[PDB]
Amino acid sequence: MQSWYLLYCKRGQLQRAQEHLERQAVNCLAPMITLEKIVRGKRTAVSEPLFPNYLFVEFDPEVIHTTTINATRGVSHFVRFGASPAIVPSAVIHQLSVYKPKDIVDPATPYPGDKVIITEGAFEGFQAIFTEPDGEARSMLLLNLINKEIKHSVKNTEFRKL
Amino acid sequence: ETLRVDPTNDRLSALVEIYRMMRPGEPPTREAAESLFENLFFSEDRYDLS
Amino acid sequence: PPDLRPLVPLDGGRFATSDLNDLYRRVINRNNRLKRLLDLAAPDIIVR
RNA sequence: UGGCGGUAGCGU
DNA sequence: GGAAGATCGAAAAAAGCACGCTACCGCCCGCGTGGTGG
DNA sequence: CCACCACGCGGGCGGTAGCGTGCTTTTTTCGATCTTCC
């Protein structure tokens with residue numbers, strides 16, 4: 001009788017919504033993947049939810065009504081196609097359970113030997129090659145001069161991705 | 001004549017119909033319908049005749 | 001063109017964003033999110 | 001020194 | 001004698017609601033998150 | 001160690017629901033009869 005639903009949650013409130021739904025005694029699921037991020041200047045590895053702002057909740061409407069899940073202090077709404085809320089088949093849940101990926105993540109790609117555009121500092125608007133993360137604050141690029149490119153480490157916030 | 005037109009013939013059917021009319025797009029359940037009807041009119045929280 | 005949706009200065013360090021700029025920002029954000037989601041091979045329900 | 005939303009007012 | 005055209009009223013959705021002018025008020029993304037100075 | 005000056009991703013807002021609510025005219029659709037037949 002228990003069934004699965006897709007839930008769209010508010011921005012930056014997935015953990016609180018998940019805790020509340022656990023307090024509602026319903027099953028919760030959200031993919032979790034760790035990776036390196038810029039983190040406003042510190043290229044550190046943290047865990048972000050795959051398919052952000054999406055939760056998969058297993059429960060029974062007869063036991064606990066849908067509107068209770070809708071207004072559980074952190075749930076933006078139900079992902080609904082038509083009048084009734086959408087029902088996700090168990091095959092998708094089974095696939096997501098064994099879903100163990102490895103991805104690069106596009107906007108956090110200061111990878112070694114990768115093209116990066118510097119738009120600040122003495123090398124503003126210049127294309128260079130990230131080649132190794134020097135510590136955390138000041139990543140290291142082959143800064144491009146008119147003659148050639150030279151090893152140099154400058155602040156992470158100076159350059160963005162091409 | 002209105003009773004003849006009315007298709008519902010029981011309290012549960014009437015509650016389901018009024019719940020569907022009040023909140024479309026949600027699964028009609030007896031508990032939710034009865035709670036909605038009770039809280040709509042006979043509850044002091046959001047209904048209050050001055 | 002930008003001049004048809006200008007950001008008039010507010011002489012207070014802020015700018016008055018027009019509704020067109022906000023709508024374009026919404027469209028750009030949603031398009032980027034959809035591209036990222038389809039790049040990650042999201043399930044059918046999420047993609048829809 | 002640019003826009004709107006609300007309010008009030010003038011002439012019809 | 002059941003299916004397709006008629007129609008028929010009943011309901012639902014869209015667009016409009018004068019012109020100039022003047023003055024004041026309020027705002028010009030909000031919010032969870034973060035770093036820094038008193 | 002606590003108040004307050006940025007900040008950068010989302011979107012109805014807020015809440016373990018509900019909020020709406022004193023117009024007229026024109027156009028479109030739809031259930032319900034109907035009706036008319038092949």
# chains A, B, ... in the order shown; residues from 1 in each chain; ligands from 1
>>> interface_residues(of="chain C", to="chain E", cutoff="12 Å", atoms="only C-alpha atoms (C1' of nucleotides)", output="JSON, numbers by chain")
{"C": [7, 8, 9, 10, 11, 12, 14, 15, 16, 17, 18, 19, 21, 22, 23, 25]}
>>> atom_distance(atom1="atom CA of residue 14 of chain B", atom2="atom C1' of residue 12 of chain E")
24.9 Å
>>> residues_around(residues="residue 32 of chain B", least_positions_apart="4", cutoff="12 Å", atoms="only C-alpha atoms (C1' of nucleotides)", output="MDAnalysis selection string")
(chainID A and resid 61:68) or (chainID B and resid 12 15:20 22:23 26:28 36:40) or (chainID F and resid 17)
>>> write_last_selection(atoms="N, CA and C atoms (P, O5', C5', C4', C3', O3' and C1' of nucleotides)", output="short mmCIF file (atom, residue, chain, number, x, y, z; two decimals), in the first residue's frame")
data_model
loop_
_atom_site.label_atom_id
_atom_site.label_comp_id
_atom_site.auth_asym_id
_atom_site.auth_seq_id
_atom_site.Cartn_x
_atom_site.Cartn_y
_atom_site.Cartn_z
N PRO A 61 -0.66 7.72 1.81
CA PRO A 61 -1.56 8.86 2.04
C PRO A 61 -2.65 8.58 3.06
N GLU A 62 -3.11 7.33 3.16
CA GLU A 62 -4.16 7.01 4.13
C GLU A 62 -3.68 7.20 5.56
N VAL A 63 -2.45 6.78 5.86
CA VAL A 63 -1.92 6.93 7.21
C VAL A 63 -1.61 8.40 7.50
N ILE A 64 -0.86 9.05 6.61
CA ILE A 64 -0.51 10.45 6.75
C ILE A 64 -0.84 11.15 5.44
N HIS A 65 -1.58 12.26 5.53
CA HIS A 65 -2.09 12.89 4.33
C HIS A 65 -0.99 13.64 3.58
N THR A 66 -1.26 13.90 2.29
CA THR A 66 -0.28 14.55 1.43
C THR A 66 0.00 15.98 1.89
N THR A 67 -1.04 16.72 2.29
CA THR A 67 -0.85 18.11 2.68
C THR A 67 0.05 18.24 3.90
N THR A 68 0.07 17.23 4.77
CA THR A 68 1.00 17.25 5.90
C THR A 68 2.44 17.23 5.42
N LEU B 12 -20.24 9.74 3.81
CA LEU B 12 -18.88 9.58 3.30
C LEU B 12 -18.75 10.14 1.89
N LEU B 15 -18.75 13.93 2.06
CA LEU B 15 -17.47 14.43 2.55
C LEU B 15 -16.40 14.34 1.47
N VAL B 16 -16.38 13.23 0.73
CA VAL B 16 -15.41 13.08 -0.35
C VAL B 16 -15.62 14.14 -1.42
N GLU B 17 -16.88 14.39 -1.79
CA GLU B 17 -17.18 15.38 -2.81
C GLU B 17 -16.79 16.78 -2.36
N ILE B 18 -17.10 17.14 -1.11
CA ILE B 18 -16.77 18.48 -0.64
C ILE B 18 -15.26 18.64 -0.48
N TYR B 19 -14.55 17.57 -0.10
CA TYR B 19 -13.10 17.64 -0.06
C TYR B 19 -12.51 17.83 -1.45
N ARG B 20 -13.05 17.11 -2.44
CA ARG B 20 -12.56 17.26 -3.81
C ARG B 20 -12.81 18.68 -4.32
N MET B 22 -13.17 21.41 -2.45
CA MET B 22 -12.40 22.38 -1.67
C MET B 22 -10.93 22.34 -2.06
N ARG B 23 -10.35 21.14 -2.17
CA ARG B 23 -8.93 20.96 -2.45
C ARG B 23 -8.77 19.98 -3.60
N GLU B 26 -5.87 16.32 -4.79
CA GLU B 26 -5.39 15.55 -3.66
C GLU B 26 -6.25 14.30 -3.49
N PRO B 27 -5.67 13.21 -2.99
CA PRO B 27 -6.43 11.96 -2.87
C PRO B 27 -7.52 12.08 -1.81
N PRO B 28 -8.77 11.83 -2.18
CA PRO B 28 -9.86 11.88 -1.18
C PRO B 28 -9.69 10.79 -0.14
N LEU B 36 -11.29 18.44 7.47
CA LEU B 36 -11.52 19.70 6.77
C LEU B 36 -12.90 20.25 7.07
N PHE B 37 -13.93 19.40 7.01
CA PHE B 37 -15.28 19.88 7.27
C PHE B 37 -15.43 20.37 8.71
N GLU B 38 -14.89 19.62 9.67
CA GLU B 38 -15.01 20.03 11.07
C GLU B 38 -14.27 21.33 11.33
N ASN B 39 -13.07 21.48 10.77
CA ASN B 39 -12.26 22.67 11.04
C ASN B 39 -12.76 23.88 10.26
N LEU B 40 -13.49 23.66 9.16
CA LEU B 40 -13.96 24.78 8.35
C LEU B 40 -14.97 25.63 9.10
P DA F 17 -1.60 20.26 8.58
"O5'" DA F 17 -2.16 20.80 7.18
"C5'" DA F 17 -1.97 22.16 6.81
"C4'" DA F 17 -3.26 22.94 6.91
"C3'" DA F 17 -4.21 22.79 5.74
"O3'" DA F 17 -5.52 23.17 6.13
"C1'" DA F 17 -3.22 24.93 5.67
#
>>> select_by_dssp(residues="chain B", states="helix (DSSP H, G or I)", output="list in words")
residues 2, 3, 4, 5, 11, 12, 13, 14, 15, 16, 17, 18, 19, 20, 21, 22, 30, 31, 32, 33, 34, 35, 36, 37, 38, 39, 40 and 41 of chain B
>>> write_last_selection(atoms="N, CA, C and O atoms", output="JSON list (two decimals), in the first residue's frame")
[["chain", "number", "residue", "atom", "x", "y", "z"],
["B", 2, "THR", "N", -33.79, 19.13, -5.60],
["B", 2, "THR", "CA", -32.35, 19.21, -5.39],
["B", 2, "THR", "C", -31.80, 17.89, -4.86],
["B", 2, "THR", "O", -30.72, 17.45, -5.27],
["B", 3, "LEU", "N", -32.53, 17.25, -3.94],
["B", 3, "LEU", "CA", -32.13, 15.94, -3.45],
["B", 3, "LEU", "C", -32.13, 14.91, -4.58],
["B", 3, "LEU", "O", -31.25, 14.04, -4.63],
["B", 4, "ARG", "N", -33.11, 14.98, -5.47],
["B", 4, "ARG", "CA", -33.13, 14.09, -6.62],
["B", 4, "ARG", "C", -31.92, 14.31, -7.51],
["B", 4, "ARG", "O", -31.32, 13.36, -8.02],
["B", 5, "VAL", "N", -31.53, 15.58, -7.72],
["B", 5, "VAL", "CA", -30.38, 15.88, -8.55],
["B", 5, "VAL", "C", -29.09, 15.41, -7.88],
["B", 5, "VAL", "O", -28.17, 14.93, -8.56],
["B", 11, "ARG", "N", -23.03, 10.02, 3.97],
["B", 11, "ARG", "CA", -22.17, 11.05, 4.55],
["B", 11, "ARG", "C", -20.75, 10.96, 3.99],
["B", 11, "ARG", "O", -20.12, 11.99, 3.72],
["B", 12, "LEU", "N", -20.24, 9.74, 3.81],
["B", 12, "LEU", "CA", -18.88, 9.58, 3.30],
["B", 12, "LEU", "C", -18.75, 10.14, 1.89],
["B", 12, "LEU", "O", -17.76, 10.81, 1.57],
["B", 13, "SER", "N", -19.73, 9.86, 1.02],
["B", 13, "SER", "CA", -19.68, 10.38, -0.34],
["B", 13, "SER", "C", -19.75, 11.90, -0.35],
["B", 13, "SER", "O", -19.03, 12.55, -1.12],
["B", 14, "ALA", "N", -20.60, 12.48, 0.50],
["B", 14, "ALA", "CA", -20.69, 13.93, 0.58],
["B", 14, "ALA", "C", -19.38, 14.55, 1.05],
["B", 14, "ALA", "O", -18.93, 15.57, 0.52],
["B", 15, "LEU", "N", -18.75, 13.93, 2.06],
["B", 15, "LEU", "CA", -17.47, 14.43, 2.55],
["B", 15, "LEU", "C", -16.40, 14.34, 1.47],
["B", 15, "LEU", "O", -15.59, 15.26, 1.30],
["B", 16, "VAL", "N", -16.38, 13.23, 0.73],
["B", 16, "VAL", "CA", -15.41, 13.08, -0.35],
["B", 16, "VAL", "C", -15.62, 14.14, -1.42],
["B", 16, "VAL", "O", -14.67, 14.76, -1.91],
["B", 17, "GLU", "N", -16.88, 14.39, -1.79],
["B", 17, "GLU", "CA", -17.18, 15.38, -2.81],
["B", 17, "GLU", "C", -16.79, 16.78, -2.36],
["B", 17, "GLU", "O", -16.20, 17.55, -3.13],
["B", 18, "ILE", "N", -17.10, 17.14, -1.11],
["B", 18, "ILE", "CA", -16.77, 18.48, -0.64],
["B", 18, "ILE", "C", -15.26, 18.64, -0.48],
["B", 18, "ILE", "O", -14.73, 19.73, -0.70],
["B", 19, "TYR", "N", -14.55, 17.57, -0.10],
["B", 19, "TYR", "CA", -13.10, 17.64, -0.06],
["B", 19, "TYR", "C", -12.51, 17.83, -1.45],
["B", 19, "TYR", "O", -11.56, 18.61, -1.63],
["B", 20, "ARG", "N", -13.05, 17.11, -2.44],
["B", 20, "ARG", "CA", -12.56, 17.26, -3.81],
["B", 20, "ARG", "C", -12.81, 18.68, -4.32],
["B", 20, "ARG", "O", -11.95, 19.26, -4.98],
["B", 21, "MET", "N", -13.99, 19.23, -4.04],
["B", 21, "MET", "CA", -14.29, 20.59, -4.47],
["B", 21, "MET", "C", -13.40, 21.61, -3.75],
["B", 21, "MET", "O", -12.92, 22.56, -4.37],
["B", 22, "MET", "N", -13.17, 21.41, -2.45],
["B", 22, "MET", "CA", -12.40, 22.38, -1.67],
["B", 22, "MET", "C", -10.93, 22.34, -2.06],
["B", 22, "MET", "O", -10.30, 23.39, -2.27],
["B", 30, "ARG", "N", -11.13, 9.73, 3.94],
["B", 30, "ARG", "CA", -12.20, 10.03, 4.89],
["B", 30, "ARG", "C", -11.71, 10.91, 6.03],
["B", 30, "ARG", "O", -12.39, 11.86, 6.43],
["B", 31, "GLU", "N", -10.52, 10.61, 6.57],
["B", 31, "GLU", "CA", -10.00, 11.39, 7.69],
["B", 31, "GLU", "C", -9.76, 12.84, 7.29],
["B", 31, "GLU", "O", -10.15, 13.77, 8.00],
["B", 32, "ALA", "N", -9.12, 13.05, 6.14],
["B", 32, "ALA", "CA", -8.85, 14.42, 5.69],
["B", 32, "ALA", "C", -10.14, 15.17, 5.41],
["B", 32, "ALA", "O", -10.27, 16.35, 5.78],
["B", 33, "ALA", "N", -11.11, 14.52, 4.77],
["B", 33, "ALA", "CA", -12.37, 15.19, 4.46],
["B", 33, "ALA", "C", -13.12, 15.58, 5.73],
["B", 33, "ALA", "O", -13.61, 16.71, 5.85],
["B", 34, "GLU", "N", -13.22, 14.66, 6.69],
["B", 34, "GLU", "CA", -13.93, 14.97, 7.92],
["B", 34, "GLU", "C", -13.20, 16.04, 8.72],
["B", 34, "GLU", "O", -13.85, 16.92, 9.31],
["B", 35, "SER", "N", -11.87, 15.99, 8.76],
["B", 35, "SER", "CA", -11.12, 17.03, 9.46],
["B", 35, "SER", "C", -11.32, 18.39, 8.81],
["B", 35, "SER", "O", -11.50, 19.39, 9.50],
["B", 36, "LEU", "N", -11.29, 18.44, 7.47],
["B", 36, "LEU", "CA", -11.52, 19.70, 6.77],
["B", 36, "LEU", "C", -12.90, 20.25, 7.07],
["B", 36, "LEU", "O", -13.06, 21.44, 7.37],
["B", 37, "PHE", "N", -13.93, 19.40, 7.01],
["B", 37, "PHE", "CA", -15.28, 19.88, 7.27],
["B", 37, "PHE", "C", -15.43, 20.37, 8.71],
["B", 37, "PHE", "O", -16.05, 21.41, 8.95],
["B", 38, "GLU", "N", -14.89, 19.62, 9.67],
["B", 38, "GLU", "CA", -15.01, 20.03, 11.07],
["B", 38, "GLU", "C", -14.27, 21.33, 11.33],
["B", 38, "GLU", "O", -14.77, 22.20, 12.05],
["B", 39, "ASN", "N", -13.07, 21.48, 10.77],
["B", 39, "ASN", "CA", -12.26, 22.67, 11.04],
["B", 39, "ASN", "C", -12.76, 23.88, 10.26],
["B", 39, "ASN", "O", -12.48, 25.02, 10.65],
["B", 40, "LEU", "N", -13.49, 23.66, 9.16],
["B", 40, "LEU", "CA", -13.96, 24.78, 8.35],
["B", 40, "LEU", "C", -14.97, 25.63, 9.10],
["B", 40, "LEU", "O", -14.95, 26.87, 9.01],
["B", 41, "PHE", "N", -15.88, 25.00, 9.84],
["B", 41, "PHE", "CA", -17.05, 25.70, 10.37],
["B", 41, "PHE", "C", -17.12, 25.71, 11.88],
["B", 41, "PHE", "O", -17.38, 26.76, 12.48]]
>>> residues_around(residues="residue 33 of chain A", least_positions_apart="4", cutoff="10 Å", atoms="only C-alpha atoms (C1' of nucleotides)", output="PDB file with N, CA, C and O atoms, in the first residue's frame")
ATOM      1  N   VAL A  46      33.468  18.400  -0.280  1.00  0.00           N
ATOM      2  CA  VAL A  46      32.259  18.312   0.528  1.00  0.00           C
ATOM      3  C   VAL A  46      31.210  17.530  -0.250  1.00  0.00           C
ATOM      4  O   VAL A  46      31.337  17.298  -1.455  1.00  0.00           O
ATOM      5  N   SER A  47      30.173  17.105   0.465  1.00  0.00           N
ATOM      6  CA  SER A  47      29.127  16.255  -0.087  1.00  0.00           C
ATOM      7  C   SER A  47      27.921  17.110  -0.463  1.00  0.00           C
ATOM      8  O   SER A  47      27.392  17.847   0.376  1.00  0.00           O
ATOM      9  N   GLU A  48      27.499  17.015  -1.723  1.00  0.00           N
ATOM     10  CA  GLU A  48      26.315  17.685  -2.228  1.00  0.00           C
ATOM     11  C   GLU A  48      25.300  16.653  -2.704  1.00  0.00           C
ATOM     12  O   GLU A  48      25.670  15.541  -3.103  1.00  0.00           O
ATOM     13  N   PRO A  49      24.008  16.981  -2.656  1.00  0.00           N
ATOM     14  CA  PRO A  49      22.992  16.033  -3.125  1.00  0.00           C
ATOM     15  C   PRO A  49      22.927  16.005  -4.646  1.00  0.00           C
ATOM     16  O   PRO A  49      22.783  17.044  -5.294  1.00  0.00           O
ATOM     17  N   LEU A  50      23.045  14.807  -5.212  1.00  0.00           N
ATOM     18  CA  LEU A  50      22.794  14.631  -6.634  1.00  0.00           C
ATOM     19  C   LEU A  50      21.328  14.919  -6.927  1.00  0.00           C
ATOM     20  O   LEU A  50      20.441  14.529  -6.161  1.00  0.00           O
ATOM     21  N   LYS A 100      25.670   4.770  -8.048  1.00  0.00           N
ATOM     22  CA  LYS A 100      26.957   5.159  -7.471  1.00  0.00           C
ATOM     23  C   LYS A 100      27.818   5.735  -8.587  1.00  0.00           C
ATOM     24  O   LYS A 100      28.624   5.017  -9.199  1.00  0.00           O
ATOM     25  N   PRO A 101      27.683   7.022  -8.885  1.00  0.00           N
ATOM     26  CA  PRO A 101      28.359   7.604 -10.044  1.00  0.00           C
ATOM     27  C   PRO A 101      29.715   8.213  -9.701  1.00  0.00           C
ATOM     28  O   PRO A 101      30.122   8.296  -8.540  1.00  0.00           O
ATOM     29  N   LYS A 102      30.409   8.638 -10.753  1.00  0.00           N
ATOM     30  CA  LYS A 102      31.603   9.468 -10.638  1.00  0.00           C
ATOM     31  C   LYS A 102      31.504  10.536 -11.717  1.00  0.00           C
ATOM     32  O   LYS A 102      31.469  10.212 -12.908  1.00  0.00           O
ATOM     33  N   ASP A 103      31.454  11.799 -11.305  1.00  0.00           N
ATOM     34  CA  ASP A 103      31.261  12.909 -12.224  1.00  0.00           C
ATOM     35  C   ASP A 103      32.294  13.996 -11.961  1.00  0.00           C
ATOM     36  O   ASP A 103      32.963  14.013 -10.925  1.00  0.00           O
TER      37      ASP A 103
END
>>> closest_atom_pairs(of="chain A", to="chain E", cutoff="9 Å", atoms="only C-alpha atoms (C1' of nucleotides)", output="Markdown table")
| residue | atom | partner | partner_atom | distance |
| --- | --- | --- | --- | --- |
| A:11 | CA | E:32 | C1' | 8.6 |
| A:12 | CA | E:32 | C1' | 6.7 |
| A:13 | CA | E:32 | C1' | 8.3 |
>>> decode(residues="segment 6-26 of chain E", atoms="N, CA and C atoms (P, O5', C5', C4', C3', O3' and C1' of nucleotides)", output="CSV table (one decimal), in the first residue's frame")
chain,number,residue,atom,x,y,z
E,6,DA,P,-24.9,19.5,-38.6
E,6,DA,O5',-25.8,19.7,-37.4
E,6,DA,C5',-27.1,19.0,-37.3
E,6,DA,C4',-28.1,19.7,-36.5
E,6,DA,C3',-27.8,21.2,-36.2
E,6,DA,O3',-29.0,21.9,-36.1
E,6,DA,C1',-27.8,19.9,-34.2
E,7,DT,P,-28.9,23.5,-36.0
E,7,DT,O5',-29.7,23.8,-34.6
E,7,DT,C5',-30.2,22.7,-33.8
E,7,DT,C4',-30.1,23.1,-32.3
E,7,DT,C3',-29.4,24.4,-32.0
E,7,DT,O3',-30.0,25.0,-30.9
E,7,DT,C1',-28.3,22.8,-30.9
E,8,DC,P,-31.4,25.7,-30.9
E,8,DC,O5',-32.1,25.0,-29.6
E,8,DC,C5',-31.4,24.0,-28.9
E,8,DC,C4',-31.0,24.4,-27.6
E,8,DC,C3',-30.7,25.9,-27.5
E,8,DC,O3',-31.0,26.4,-26.2
E,8,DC,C1',-28.7,24.8,-26.9
E,9,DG,P,-31.4,28.0,-26.0
E,9,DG,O5',-31.2,28.1,-24.4
E,9,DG,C5',-31.7,27.1,-23.5
E,9,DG,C4',-30.6,26.6,-22.6
E,9,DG,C3',-29.9,27.7,-21.7
E,9,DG,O3',-29.7,27.2,-20.4
E,9,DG,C1',-28.3,26.6,-22.9
E,10,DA,P,-29.3,28.2,-19.2
E,10,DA,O5',-28.9,27.2,-18.0
E,10,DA,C5',-28.3,25.9,-18.3
E,10,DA,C4',-26.8,26.0,-18.2
E,10,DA,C3',-26.3,27.2,-17.4
E,10,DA,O3',-25.7,26.8,-16.2
E,10,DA,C1',-25.0,26.7,-19.4
E,11,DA,P,-25.0,27.8,-15.2
E,11,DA,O5',-23.4,27.6,-15.6
E,11,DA,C5',-22.9,26.3,-15.6
E,11,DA,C4',-21.5,26.3,-16.2
E,11,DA,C3',-20.5,27.3,-15.5
E,11,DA,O3',-19.3,26.7,-15.2
E,11,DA,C1',-20.5,27.6,-17.9
E,12,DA,P,-18.2,27.4,-14.2
E,12,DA,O5',-17.0,27.8,-15.2
E,12,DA,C5',-16.4,26.8,-16.0
E,12,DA,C4',-15.5,27.4,-17.0
E,12,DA,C3',-14.6,28.5,-16.5
E,12,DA,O3',-13.2,28.3,-16.9
E,12,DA,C1',-15.8,29.2,-18.4
E,13,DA,P,-12.0,29.1,-16.2
E,13,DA,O5',-11.4,30.0,-17.4
E,13,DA,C5',-10.9,29.4,-18.6
E,13,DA,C4',-10.7,30.4,-19.7
E,13,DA,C3',-9.9,31.7,-19.3
E,13,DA,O3',-9.0,32.0,-20.3
E,13,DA,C1',-12.0,32.3,-20.2
E,14,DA,P,-7.8,33.0,-20.1
E,14,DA,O5',-8.1,34.3,-21.0
E,14,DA,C5',-8.2,34.2,-22.4
E,14,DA,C4',-8.7,35.5,-23.0
E,14,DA,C3',-8.0,36.7,-22.5
E,14,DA,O3',-7.8,37.6,-23.6
E,14,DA,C1',-10.3,36.9,-22.2
E,15,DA,P,-6.6,38.7,-23.6
E,15,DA,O5',-7.3,40.1,-23.7
E,15,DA,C5',-8.2,40.3,-24.7
E,15,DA,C4',-9.0,41.6,-24.5
E,15,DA,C3',-8.3,42.7,-23.7
E,15,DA,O3',-8.5,43.9,-24.3
E,15,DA,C1',-10.3,42.1,-22.5
E,16,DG,P,-7.5,45.1,-24.1
E,16,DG,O5',-8.4,46.4,-23.6
E,16,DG,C5',-9.6,46.7,-24.3
E,16,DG,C4',-10.6,47.3,-23.3
E,16,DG,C3',-10.0,48.2,-22.3
E,16,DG,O3',-9.9,49.6,-22.8
E,16,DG,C1',-11.7,46.8,-21.3
E,17,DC,P,-9.1,50.7,-22.0
E,17,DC,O5',-10.1,51.2,-20.9
E,17,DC,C5',-11.4,51.7,-21.3
E,17,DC,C4',-12.3,51.7,-20.1
E,17,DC,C3',-11.7,52.2,-18.8
E,17,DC,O3',-11.9,53.6,-18.7
E,17,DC,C1',-13.0,50.2,-18.4
E,18,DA,P,-10.6,54.5,-18.4
E,18,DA,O5',-10.7,55.8,-19.4
E,18,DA,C5',-10.8,55.6,-20.8
E,18,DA,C4',-10.6,56.9,-21.5
E,18,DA,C3',-9.4,57.7,-21.0
E,18,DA,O3',-8.2,57.4,-21.7
E,18,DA,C1',-11.3,59.1,-21.0
E,19,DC,P,-6.8,57.6,-21.1
E,19,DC,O5',-6.5,59.2,-21.2
E,19,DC,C5',-6.6,59.8,-22.5
E,19,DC,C4',-6.7,61.3,-22.4
E,19,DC,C3',-5.6,62.0,-21.7
E,19,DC,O3',-4.6,62.3,-22.6
E,19,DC,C1',-7.8,62.9,-21.0
E,20,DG,P,-3.1,61.6,-22.4
E,20,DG,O5',-2.2,62.7,-21.8
E,20,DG,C5',-2.4,63.2,-20.5
E,20,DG,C4',-2.5,64.7,-20.5
E,20,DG,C3',-1.9,65.4,-19.3
E,20,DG,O3',-0.6,65.7,-19.6
E,20,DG,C1',-4.1,66.0,-19.4
E,21,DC,P,0.6,65.2,-18.7
E,21,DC,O5',0.6,66.1,-17.4
E,21,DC,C5',0.5,67.5,-17.5
E,21,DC,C4',-0.1,68.2,-16.3
E,21,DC,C3',0.6,67.9,-15.0
E,21,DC,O3',1.8,68.6,-14.9
E,21,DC,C1',-1.8,67.9,-14.7
E,22,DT,P,3.0,68.1,-13.9
E,22,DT,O5',2.5,68.3,-12.4
E,22,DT,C5',2.2,69.6,-12.0
E,22,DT,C4',1.5,69.6,-10.6
E,22,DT,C3',2.2,68.8,-9.6
E,22,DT,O3',3.3,69.5,-9.0
E,22,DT,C1',-0.1,68.4,-9.4
E,23,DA,P,4.6,68.8,-8.5
E,23,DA,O5',4.2,68.2,-7.1
E,23,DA,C5',3.9,69.2,-6.1
E,23,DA,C4',3.2,68.4,-4.9
E,23,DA,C3',4.0,67.2,-4.4
E,23,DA,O3',5.0,67.6,-3.5
E,23,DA,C1',1.6,66.7,-4.5
E,24,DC,P,6.2,66.7,-3.2
E,24,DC,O5',5.6,65.6,-2.2
E,24,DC,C5',5.2,66.0,-0.9
E,24,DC,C4',4.4,64.8,-0.2
E,24,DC,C3',5.2,63.5,-0.1
E,24,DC,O3',6.0,63.6,1.1
E,24,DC,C1',3.0,63.1,-0.9
E,25,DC,P,7.3,62.6,1.2
E,25,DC,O5',6.7,61.2,1.4
E,25,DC,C5',5.9,60.9,2.6
E,25,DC,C4',5.2,59.5,2.5
E,25,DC,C3',6.1,58.3,2.2
E,25,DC,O3',6.6,57.8,3.4
E,25,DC,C1',4.2,58.3,0.8
E,26,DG,P,8.1,57.2,3.5
E,26,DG,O5',8.0,55.8,2.7
E,26,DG,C5',7.2,54.8,3.2
E,26,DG,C4',7.1,53.6,2.3
E,26,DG,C3',8.4,53.2,1.6
E,26,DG,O3',9.1,52.3,2.5
E,26,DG,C1',6.7,53.3,0.0
